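One chain is shown next in structure tokens, namely the form deposited in one PDB entry.
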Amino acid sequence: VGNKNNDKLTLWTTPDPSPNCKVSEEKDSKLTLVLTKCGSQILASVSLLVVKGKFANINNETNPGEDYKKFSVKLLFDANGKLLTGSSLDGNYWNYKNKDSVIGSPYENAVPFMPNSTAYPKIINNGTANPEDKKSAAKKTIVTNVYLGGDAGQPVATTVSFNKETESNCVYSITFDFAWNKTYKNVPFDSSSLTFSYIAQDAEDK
């Protein structure tokens, strides 16, 4: 209920979260996500440690199926930038920064942290596959690798997508898709930190 130390320029999970995320089951993972506002862009840092279930100890020798070689983590946001319930991330410690924790009250508005609707539109598809007015599927996308245990020999194909989701009537979204072709033998899903940026939505006029 009010502090001098709360910065509305950082929206985060806290830097050292308790289990806060669903990969396979409730609270089976720690998502560390920091969104820092640098004006027109968000500067983001993401790492995922899964602490129990299917992906806490990957073994594709003993679990060869394709459902054991990929998963997705979704953040769904409403018109005001609030986290919606169908999200992978629990909202309890998803809030503006105060020291190494969150502000006293849940945030009302985080639109300026949302991926820009104009740059990253949710998309309409009829007929005209190309009148040369065609809009970019890929632009909403960052494609890279993270590395399990910070080992360069354990890559995981990582796709960050902006405003790709429609679930729970969301207006904005950030999706992390992880997938690997290597057949990993007893490798915890513990991802190296990934820096990325996206163009920010502006605050509403009045």
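If you superpose the two forms and keep the largest set of C-alpha atoms that fall within 1.5 Å, you have the rigid core. Only residues modelled in both forms are compared. In case it trips you up, residue 1 is the first one in the sequence shown, and so on.
The stretch 62-70 shows the higher mean C-alpha B-factor when 62-70 is compared against 176-184 in the entry. Once the C-alpha B-factors are averaged per stretch, 50-58 and 152-160 rank with 50-58 first. Of the residues listed, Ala119, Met114, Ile123, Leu75, the entry assigns the biggest Cα temperature factor to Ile123.
Sorting the modelled residues of the chain by their CA temperature factor places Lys140 in the middle third. When all modelled residues of the chain are sorted by CA temperature factor, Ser24 is found within the highest third.
Another form exists, deposited in another entry; not displayed. Remarks below refer to it.
The comparison between this form and the one not shown, aligned on the rigid core, picks out a single residue among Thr118, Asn92, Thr128, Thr85 whose CA moves by 2 Å or more, and that residue is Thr128. In a core-based superposition, a mobile segment is defined as at least three consecutive common residues whose CA atoms each shift by 2 Å or more; between this form and the one not shown, such segments span 125-132, 203-205.
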